[PDB]
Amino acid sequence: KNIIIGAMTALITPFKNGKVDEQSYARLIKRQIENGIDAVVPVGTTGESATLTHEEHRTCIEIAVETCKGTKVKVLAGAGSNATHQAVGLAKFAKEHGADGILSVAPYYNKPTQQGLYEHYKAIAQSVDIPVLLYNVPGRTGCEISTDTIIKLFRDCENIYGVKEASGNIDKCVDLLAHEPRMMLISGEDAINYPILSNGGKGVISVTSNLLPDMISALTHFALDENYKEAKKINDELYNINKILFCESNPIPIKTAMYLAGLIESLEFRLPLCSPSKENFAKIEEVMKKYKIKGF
């Protein structure tokens, strides 16, 4: 199977006067590339996919593809939906614009059954010839892709090569790799990057790497090199920032941190996302003090 693994960043989408700051977006991606990141994820959850237009999805994906040209960094495009017809179109769309693979979130809100999830992802995988990474995040979607369903999709569909897990369930991560060790388990929860990697996970799709790409990259590469002692020490050091970045719903804290670090111009979201409370703003600033934040 063709795979996209390693240290990956769920890119924030900066806004300036209510529009995509395209120059900021490119600068942020180059900052990721220059700090050891192996792939970038445009217009995922951290990138506020929900509130971007289709045109803007296209724009952010094209900017990611363009900025990654001439480097080894791949573009794993966010392209998923709770409507299978739309998911299929978004996958073809992402491939069409130069993405190396797609990250496809489990249908949110309409709670499909396991059978429906299987047919959903089979249609997506059959629509393109590039790698497809499942994304399970039940706290957001209201549904869970079961281990059996993930393993069936991995075995039955050639493009599906693994899953990004954001489920706080290391038991399931054991379940997945004990029964299907060939799949690529990808950490979608920064605080437990190391436990997932030390169990045979092969990458992270990170929120924290927006702010601290060098640290997340080093952690992932240490672990992939089976230097678990060094990977754990970064994971432990990152715990405080990893947790405070979810004091409010992601990406509210990470954008707050990027703004506080001077990495993005304005602390702008699209409704229904908004600035944090005064209190959480201060907590984020407080936690950041112990970390060294690379500039441009």
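Sequential numbering from 1, following the sequence displayed.
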Mean CA B-factor: is it higher for 123-131 or for 106-114? 123-131
Tell me which stretch, 52-60 or 236-244, has the higher mean Cα B-factor listed in the entry. 52-60
Which is it among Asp190, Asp171, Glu165, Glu158: the one with the largest CA B-factor in the entry? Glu158
Chain-relative C-alpha B factor for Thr220 (record values, thirds): the middle
In terms of the chain's CA B-factor thirds, is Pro253 lowest, middle or highest? lowest
Name the third of the chain's ranked CA B-factors that contains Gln86, choosing lowest, middle or highest. highest
Test of reading the entry: by CA B factor among the chain's modelled residues, which third contains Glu226? highest
Modelled-residue ranking by C-alpha temperature factor, third containing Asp214: middle
